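First, one chain by itself: the form deposited in one PDB entry, in structure tokens.
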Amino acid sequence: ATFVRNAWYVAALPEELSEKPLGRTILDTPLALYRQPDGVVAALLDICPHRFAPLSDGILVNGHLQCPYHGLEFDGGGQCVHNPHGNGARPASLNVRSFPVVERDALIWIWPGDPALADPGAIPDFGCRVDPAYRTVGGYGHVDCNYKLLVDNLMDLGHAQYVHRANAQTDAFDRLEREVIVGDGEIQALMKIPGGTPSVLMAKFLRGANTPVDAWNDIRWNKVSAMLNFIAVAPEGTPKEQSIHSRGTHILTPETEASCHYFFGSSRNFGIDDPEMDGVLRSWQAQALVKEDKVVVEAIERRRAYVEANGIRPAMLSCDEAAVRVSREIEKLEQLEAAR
């Protein structure tokens, strides 16, 4: 299974973690994730160095994670800080691997690769998630597809015209303007849908207003698989900076080669103290991101065996440029790492 290990991935949302460890597998690597008594999150390889028991089934003793099996204790650095057996000696072999963790932007980032290379400067900017001018809601979902399929999905936001048609269909779709801007290690796909009546969901954003709007659906990608979109609507022929908008957290982390973690969110500048608009956004997230898109990408994954065995290649359309560029960047990184 080929992953890009030397990169930061979101392993969890902060709300997911506590002093009770969470066992989760990223890049085929099982982790025990917990918040220590002092509040700082730790991430240990979920395999006790003694007999390979899951430490994530342990409990904290003295703020140290204790193996459930024979009770070796570890700090957040993976250092064995107590051995209860015999003379109680703790040689270097008893230490477990620890992973660099940065909690930032209401995300838990982890470096699954060479820890000497982990550079917090390199973590993607998701500042809107902690910016008090934005209201942020979201969650986690597990999907039985290769993460790359969900990168494809998200880098062609036009799929929403069909996959999400009940919420997202617009009658101005055939007037789409699409631009792609390639950075170094960053790619923006911009869409302007001009002059239409708002979609069901943009209508909700606007509290019903039925009259013609402009809508923008931009998405930004940073390596390996972390995306931030810009979903905006505004009376036709108004500035884009002045629009009500959602900045959408859409971050994938591989679990196995054929399964992945999906961390999604909306950070919105409108209806900031409105629980019902919270519910609208979490509704959308539940139906669109976690069912509708799940159904499509999970079915594509099930067809991978046929595609491969019959040497089938995709046929590309005008909507594909951003997703293909991103795909070729991920491949390029994969291949760099594969030596060695």
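For clarity, a rigid core is taken as the largest C-alpha set superposing within 1.5 Å between two forms. In this text, residue numbers run from 1 along the sequence as written.
Beyond the structure shown, there is the form deposited in another entry, which is absent from this document and is the topic of what follows.
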{"query": "Residue among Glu236, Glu103, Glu186, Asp125 with C-alpha shift of 2 Å or more between this form and the one not shown, core superposed", "finding": "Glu236"}
{"query": "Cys145 C-alpha shift between this form and the one not shown of 2 Å or more, rigid core reference", "finding": "no"}
{"query": "Yes/no, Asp75 Cα shift of 2 Å or more between this form and the one not shown with rigid core fixed", "finding": "no"}
{"query": "Displaced residue check between this form and the one not shown: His85, CA, 2 Å or over, core reference", "finding": "no"}
